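> Take a look at model23.txt, compact mmCIF, C-alpha atoms:
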```
# COMPACT_ATOMS: atom_id res chain seq x y z
CA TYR A 964 -9.34 -0.65 0.99
CA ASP A 965 -8.41 1.88 3.70
CA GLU A 966 -5.06 3.40 2.71
CA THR A 967 -5.21 6.12 5.38
CA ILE A 968 -3.63 3.69 7.86
CA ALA A 969 -1.24 0.91 6.87
CA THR A 970 -2.61 -2.62 7.03
CA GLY A 971 -1.46 -4.63 10.02
CA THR A 972 -0.13 -1.56 11.82
CA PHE A 973 -1.41 -2.70 15.23
CA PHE A 974 -3.27 -5.97 14.57
CA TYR A 975 -2.52 -9.30 12.94
CA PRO A 976 -4.93 -12.21 12.40
CA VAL A 977 -4.47 -15.39 14.41
CA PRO A 978 -7.84 -17.20 14.67
CA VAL A 979 -8.35 -20.58 16.32
CA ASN A 980 -11.94 -21.67 15.66
CA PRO A 981 -13.96 -23.26 12.86
CA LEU A 982 -16.50 -20.58 13.82
CA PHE A 983 -14.34 -17.47 14.35
CA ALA A 984 -12.34 -18.11 11.18
CA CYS A 985 -11.76 -15.30 8.68
CA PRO A 986 -10.95 -16.01 5.02
CA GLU A 987 -10.63 -12.26 4.38
CA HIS A 988 -8.85 -10.84 7.45
CA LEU A 989 -5.71 -12.75 6.42
CA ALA A 990 -4.91 -9.93 3.98
CA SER A 991 -3.71 -7.97 7.03
CA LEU A 992 -0.95 -10.56 7.55
CA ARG A 993 2.47 -10.07 5.99
CA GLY A 994 3.62 -12.26 3.12
CA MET A 995 0.27 -13.26 1.63
CA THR A 996 -0.03 -14.62 -1.91
CA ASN A 997 -2.99 -15.63 -4.05
CA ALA A 998 -2.23 -19.33 -3.54
CA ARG A 999 -2.45 -19.00 0.24
CA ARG A 1000 -5.74 -17.11 -0.09
CA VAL A 1001 -7.56 -19.67 -2.24
CA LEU A 1002 -6.26 -22.42 0.04
CA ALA A 1003 -7.54 -20.64 3.14
CA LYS A 1004 -10.86 -19.78 1.48
CA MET A 1005 -11.94 -23.43 1.72
CA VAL A 1006 -10.06 -24.82 4.73
CA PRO A 1007 -10.25 -22.65 7.87
CA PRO A 1008 -6.69 -21.67 8.79
CA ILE A 1009 -6.03 -22.85 12.35
CA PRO A 1010 -2.46 -23.38 13.60
CA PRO A 1011 -1.76 -26.82 15.09
CA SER B 675 -34.01 16.78 -4.91
CA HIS B 676 -33.25 13.79 -2.61
CA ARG B 677 -31.05 12.02 -5.13
CA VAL B 678 -27.68 10.30 -4.90
CA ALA B 679 -24.91 11.18 -7.36
CA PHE B 680 -21.63 9.77 -8.71
CA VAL B 681 -23.13 6.41 -9.72
CA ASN B 682 -21.55 6.23 -13.20
CA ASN B 683 -18.13 4.96 -12.14
CA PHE B 684 -17.48 1.98 -9.92
CA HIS B 685 -14.39 3.65 -8.44
CA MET B 686 -16.47 6.28 -6.69
CA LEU B 687 -18.76 4.55 -4.20
CA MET B 688 -15.88 2.57 -2.71
CA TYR B 689 -13.88 5.76 -2.18
CA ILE B 690 -16.97 7.44 -0.72
CA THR B 691 -17.60 4.57 1.69
CA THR B 692 -13.94 4.32 2.71
CA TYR B 693 -13.43 8.05 3.34
CA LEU B 694 -16.81 9.69 4.01
CA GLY B 695 -17.97 6.81 6.20
CA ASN B 696 -17.69 8.40 9.65
CA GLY B 697 -20.61 10.83 9.39
CA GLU B 698 -19.51 13.65 7.11
CA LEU B 699 -22.59 13.11 4.94
CA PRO B 700 -26.15 12.70 6.24
CA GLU B 701 -27.21 9.26 7.41
CA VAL B 702 -29.26 8.64 4.25
CA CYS B 703 -26.73 8.79 1.40
CA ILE B 704 -24.13 6.74 3.28
CA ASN B 705 -26.85 4.18 3.97
CA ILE B 706 -27.77 4.03 0.27
CA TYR B 707 -24.13 3.45 -0.65
CA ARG B 708 -23.73 0.80 2.05
CA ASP B 709 -26.86 -0.99 0.84
CA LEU B 710 -25.56 -1.03 -2.73
CA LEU B 711 -22.22 -2.42 -1.55
CA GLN B 712 -23.96 -5.07 0.55
CA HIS B 713 -26.10 -6.12 -2.41
CA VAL B 714 -23.04 -6.54 -4.63
CA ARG B 715 -21.31 -8.54 -1.91
CA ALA B 716 -24.39 -10.74 -1.50
CA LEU B 717 -24.33 -11.40 -5.24
CA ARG B 718 -20.68 -12.45 -4.99
CA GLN B 719 -21.54 -14.68 -2.02
CA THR B 720 -24.34 -16.31 -4.02
CA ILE B 721 -21.87 -16.99 -6.83
CA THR B 722 -19.43 -18.69 -4.47
CA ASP B 723 -22.32 -20.51 -2.77
CA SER C 7 1.87 41.29 -25.49
CA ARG C 8 -0.81 38.59 -25.73
CA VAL C 9 -2.82 39.32 -28.89
CA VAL C 10 -4.68 36.20 -30.01
CA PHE C 11 -5.35 37.78 -33.42
CA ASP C 12 -1.87 37.06 -34.75
CA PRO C 13 -1.24 33.55 -33.36
CA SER C 14 2.46 34.36 -32.97
CA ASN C 15 1.70 36.81 -30.13
CA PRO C 16 -0.04 34.57 -27.55
CA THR C 17 2.50 32.55 -25.59
CA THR C 18 2.92 31.31 -22.04
CA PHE C 19 5.68 33.87 -21.42
CA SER C 20 3.16 36.73 -21.26
CA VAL C 21 0.20 34.86 -19.74
CA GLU C 22 2.15 34.42 -16.50
CA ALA C 23 2.35 38.19 -16.07
CA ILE C 24 -1.38 38.42 -16.83
CA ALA C 25 -3.66 37.88 -13.84
CA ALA C 26 -6.41 35.27 -13.44
CA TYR C 27 -9.56 37.32 -14.11
CA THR C 28 -8.36 39.78 -16.76
CA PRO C 29 -7.53 37.19 -19.48
CA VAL C 30 -11.09 35.88 -19.33
CA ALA C 31 -12.30 39.46 -19.73
CA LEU C 32 -9.59 39.91 -22.37
CA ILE C 33 -10.73 36.98 -24.54
CA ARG C 34 -14.34 38.12 -24.14
CA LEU C 35 -13.84 41.50 -25.83
CA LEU C 36 -11.58 40.38 -28.69
CA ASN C 37 -13.47 40.19 -31.98
CA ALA C 38 -13.94 37.09 -34.11
CA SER C 39 -11.78 38.54 -36.89
CA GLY C 40 -8.54 36.60 -36.80
CA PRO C 41 -5.96 37.32 -39.51
CA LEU C 42 -5.48 34.18 -41.60
CA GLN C 43 -2.06 35.30 -42.85
CA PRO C 44 -0.33 34.75 -39.48
CA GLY C 45 -0.78 31.19 -38.32
CA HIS C 46 1.19 28.55 -36.45
CA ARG C 47 2.14 25.79 -38.88
CA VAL C 48 3.01 23.81 -35.74
CA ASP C 49 -0.45 22.39 -34.96
CA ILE C 50 -2.05 25.52 -33.47
CA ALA C 51 -3.58 23.25 -30.85
CA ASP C 52 -0.09 23.55 -29.36
CA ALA C 53 -0.81 27.25 -28.83
CA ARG C 54 -4.06 26.11 -27.23
CA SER C 55 -2.04 23.86 -24.92
CA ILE C 56 0.33 26.80 -24.44
CA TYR C 57 -2.72 28.79 -23.35
CA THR C 58 -3.54 26.04 -20.85
CA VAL C 59 -0.12 25.94 -19.20
CA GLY C 60 -0.17 29.74 -19.19
CA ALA C 61 -3.50 29.87 -17.37
CA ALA C 62 -2.14 27.19 -15.04
CA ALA C 63 0.78 29.50 -14.28
CA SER C 64 -1.63 32.39 -13.70
CA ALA C 65 -3.72 30.24 -11.36
CA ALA C 66 -0.57 29.17 -9.51
CA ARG C 67 0.29 32.83 -8.92
CA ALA C 68 -3.18 33.48 -7.49
CA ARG C 69 -2.86 30.51 -5.13
CA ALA C 70 0.61 31.63 -4.05
CA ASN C 71 -0.92 34.97 -3.09
CA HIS C 72 -3.76 33.09 -1.40
CA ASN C 73 -1.16 30.94 0.39
CA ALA C 74 -0.44 33.72 2.91
CA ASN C 75 -3.27 32.76 5.27
CA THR C 76 -3.68 29.05 4.50
CA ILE C 77 -2.26 26.12 6.47
CA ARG C 78 0.57 23.93 5.22
CA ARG C 79 -0.83 20.71 3.78
CA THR C 80 0.54 17.31 4.77
CA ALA C 81 0.40 13.79 3.36
CA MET C 82 -3.04 12.17 3.43
CA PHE C 83 -1.65 8.61 3.42
CA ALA C 84 0.38 6.44 5.77
CA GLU C 85 3.80 4.80 5.18
CA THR C 86 5.31 8.22 4.30
CA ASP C 87 7.65 9.01 7.20
CA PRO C 88 11.44 9.40 7.53
CA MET C 89 11.78 7.21 10.64
CA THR C 90 8.76 4.92 10.91
CA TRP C 91 10.71 2.70 13.32
CA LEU C 92 10.09 5.08 16.22
CA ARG C 93 6.31 5.40 15.92
CA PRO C 94 3.69 4.57 13.27
CA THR C 95 2.37 7.05 10.70
CA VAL C 96 -1.14 8.02 9.61
CA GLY C 97 -2.63 10.18 6.89
CA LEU C 98 -4.94 13.15 7.27
CA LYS C 99 -8.33 13.97 5.78
CA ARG C 100 -8.36 17.50 4.35
CA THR C 101 -11.68 18.59 5.88
CA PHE C 102 -10.51 21.91 7.33
CA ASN C 103 -10.61 25.59 6.47
CA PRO C 104 -7.42 27.44 5.45
CA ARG C 105 -8.42 30.53 7.45
CA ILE C 106 -5.97 31.13 10.32
CA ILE C 107 -6.49 34.65 11.70
CA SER D 7 20.72 16.84 23.37
CA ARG D 8 18.17 14.49 21.78
CA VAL D 9 19.46 13.60 18.31
CA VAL D 10 17.83 10.39 17.08
CA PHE D 11 20.41 10.10 14.29
CA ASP D 12 23.15 8.89 16.63
CA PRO D 13 21.20 6.38 18.75
CA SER D 14 23.37 7.11 21.80
CA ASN D 15 22.06 10.69 21.90
CA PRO D 16 18.30 10.21 22.52
CA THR D 17 17.55 9.30 26.12
CA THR D 18 14.89 10.00 28.74
CA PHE D 19 17.28 12.38 30.51
CA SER D 20 16.70 15.06 27.86
CA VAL D 21 13.15 14.21 26.74
CA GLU D 22 11.81 15.35 30.12
CA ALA D 23 13.27 18.80 29.50
CA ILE D 24 11.64 18.80 26.06
CA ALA D 25 8.00 19.88 25.93
CA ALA D 26 4.98 17.88 24.75
CA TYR D 27 4.36 19.30 21.26
CA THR D 28 7.92 20.14 20.20
CA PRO D 29 9.23 16.52 20.13
CA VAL D 30 6.44 15.57 17.73
CA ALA D 31 7.52 18.50 15.57
CA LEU D 32 11.15 17.52 16.20
CA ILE D 33 10.79 13.93 14.96
CA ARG D 34 8.83 15.19 11.95
CA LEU D 35 11.56 17.44 10.56
CA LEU D 36 14.48 15.04 11.11
CA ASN D 37 15.61 13.32 7.93
CA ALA D 38 15.45 9.57 7.34
CA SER D 39 19.24 9.24 7.14
CA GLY D 40 20.38 7.58 10.34
CA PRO D 41 24.09 6.86 10.77
CA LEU D 42 24.52 3.09 10.89
CA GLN D 43 27.97 3.33 12.51
CA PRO D 44 26.54 4.41 15.89
CA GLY D 45 23.93 2.03 17.21
CA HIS D 46 22.66 0.51 20.44
CA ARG D 47 23.81 -3.11 20.60
CA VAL D 48 21.40 -3.31 23.55
CA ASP D 49 18.10 -3.98 21.75
CA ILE D 50 17.46 -0.50 20.31
CA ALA D 51 13.78 -1.12 20.99
CA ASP D 52 14.81 -0.30 24.56
CA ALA D 53 15.56 3.19 23.25
CA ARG D 54 12.05 2.97 21.83
CA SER D 55 10.95 1.99 25.34
CA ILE D 56 13.12 4.83 26.64
CA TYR D 57 11.34 7.10 24.17
CA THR D 58 8.00 5.96 25.60
CA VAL D 59 8.88 6.61 29.24
CA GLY D 60 10.36 9.94 28.19
CA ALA D 61 7.18 11.00 26.39
CA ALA D 62 5.26 9.81 29.45
CA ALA D 63 7.40 12.09 31.61
CA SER D 64 6.76 15.04 29.28
CA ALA D 65 3.02 14.37 29.46
CA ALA D 66 3.29 14.31 33.26
CA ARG D 67 4.93 17.73 33.05
CA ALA D 68 2.07 19.22 31.03
CA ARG D 69 -0.27 17.46 33.45
CA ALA D 70 1.12 19.24 36.51
CA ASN D 71 0.77 22.52 34.61
CA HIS D 72 -2.88 21.82 33.77
CA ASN D 73 -3.42 20.63 37.36
CA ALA D 74 -3.46 24.23 38.61
CA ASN D 75 -7.16 24.62 37.76
CA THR D 76 -8.33 21.01 38.06
CA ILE D 77 -10.10 19.41 41.03
CA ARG D 78 -8.42 16.79 43.20
CA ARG D 79 -9.53 13.30 42.23
CA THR D 80 -10.93 10.90 44.83
CA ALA D 81 -11.65 7.18 45.07
CA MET D 82 -14.20 5.81 42.61
CA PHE D 83 -14.81 2.61 44.60
CA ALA D 84 -16.12 1.82 48.07
CA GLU D 85 -14.33 -0.10 50.88
CA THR D 86 -11.53 2.52 50.82
CA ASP D 87 -11.70 4.65 53.98
CA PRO D 88 -9.55 5.00 57.12
CA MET D 89 -12.38 4.66 59.67
CA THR D 90 -15.27 2.89 57.94
CA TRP D 91 -16.73 2.04 61.36
CA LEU D 92 -18.09 5.57 61.83
CA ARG D 93 -20.04 5.71 58.56
CA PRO D 94 -20.12 3.82 55.24
CA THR D 95 -18.07 4.74 52.17
CA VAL D 96 -19.03 5.17 48.51
CA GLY D 97 -17.19 5.83 45.28
CA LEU D 98 -17.64 8.71 42.87
CA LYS D 99 -18.42 8.84 39.16
CA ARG D 100 -15.93 11.11 37.38
CA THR D 101 -18.48 12.96 35.26
CA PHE D 102 -17.41 16.54 36.03
CA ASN D 103 -15.36 19.34 34.52
CA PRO D 104 -11.96 20.23 36.04
CA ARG D 105 -12.67 23.93 35.44
CA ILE D 106 -12.97 25.81 38.74
CA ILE D 107 -12.75 29.57 38.13
```
Now that the file is in, can you turn its structure into structure tokens?

Amino acid sequence: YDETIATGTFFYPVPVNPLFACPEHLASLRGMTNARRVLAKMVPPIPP
Amino acid sequence: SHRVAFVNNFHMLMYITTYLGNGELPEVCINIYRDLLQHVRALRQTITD
Amino acid sequence: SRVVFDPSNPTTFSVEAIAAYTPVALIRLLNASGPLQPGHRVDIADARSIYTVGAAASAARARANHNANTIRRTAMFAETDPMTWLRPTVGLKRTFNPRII
Amino acid sequence: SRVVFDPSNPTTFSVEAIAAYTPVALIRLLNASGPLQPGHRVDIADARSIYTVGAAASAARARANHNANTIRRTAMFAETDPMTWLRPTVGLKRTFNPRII
């Protein structure tokens, strides 16, 4: 909710941990839909 | 009178916290707003829990 | 001239020439007696709205005069830049004073 | 000269001659329209990299100007001394003001 600076201007989420996961920080990534959000809300998104 | 204002609308405390959150206001009012926001978020977390 | 008694007189054309403070003092003195015979059959609230845009023009003139010493305002949000590809862009919080010298 | 419209124009050769504040003002006033016909087929981000090293050179220019009143910096760590055998060597915490007189 901070429109002073664009989202993802200098950072982009890429977490690899069941502990350091972030179901909310993924909004800073480009190309994010509602379906990908509800899917990541349950299962922690970790790339293989 | 030691009283917070602009409580009627919901689209006021979020703007206040997002903009006047670096120390423009005294430490008290910003803390009151942050506590309200945290309580609402805890309610949402209880719902999803 | 702007004479609110006959509703055909007050119009935004003359309010612009009128200043910001004098119309308030003008309306204050004018008596309650308004001639019923002249009257806008065009929803006189339109003349009220005409009074609003007229006062808005008068206020704009006062700010333009006040704009001699102020500082030019910029965009308070990001993503508004001709060539963002060179470097990123940020907004600006208007927490300054317009006084320059 | 430095004209970011034609990508072949901007280069670090001219940015050094440009000051520190004026290029920021320069980029601000230039329009978004950039001619597509000229373009670096050499990974234009290198021109971005060229823009960085050019701005770094301009900052170094303003640095040498400000360096007239500053104090010469020394080593902040130990073990750095020509003849340590005479006496030991210590660093220095840079917690001063460059103002001299």
> Show which residues sit within 8 Å of residue C:64, as a list in words. Count only C-alpha atoms, and ignore same-chain residues fewer than 2 positions away.
residues 21, 22, 23, 24, 25, 26, 60, 61, 62, 66, 67 and 68 of chain C
> Skip stretch 964-974 of chain A itself and residues of its chain fewer than 2 positions away, then list as a list in words all residues within 7 Å of it, counting all atoms listed in the file.
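Within the cut-off, the hits are residues 976, 991 and 992 of chain A; 692 of chain B; 82, 83, 84, 85, 96 and 97 of chain C.
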> Extending 6 Å beyond the listed atoms of stretch 38-44 of chain C on each side, what axis-aligned box results? I want centre and edge lengths in Å to one decimal, as AutoDock Vina command-line options.

```
--center_x -7.1 --center_y 36.4 --center_z -38.5 --size_x 25.6 --size_y 16.4 --size_z 20.7
```
> Rounded to one decimal in Å, what is the spacing between atom CA of residue D:27 and atom CA of residue D:101?
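About the pair atom CA of residue D:27 and atom CA of residue D:101: they are 27.5 Å apart.
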> To one decimal in Å, tell me the separation between atom CA of residue D:107 and atom CA of residue D:80.
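Computing it gives 19.9 Å between the two atoms.
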> Would you mind listing, as a ChimeraX atom specification, all residues of chain D that have at least one atom within 10 Å of chain C, where only C-alpha atoms are what counts?
/D:10-11,33-40,51,53-55,57-58
> Which is closest to residue D:106 among D:31, D:74, D:81, D:86, if we use all atoms listed in the file?
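Under the stated criterion, the closest residue is D:74.
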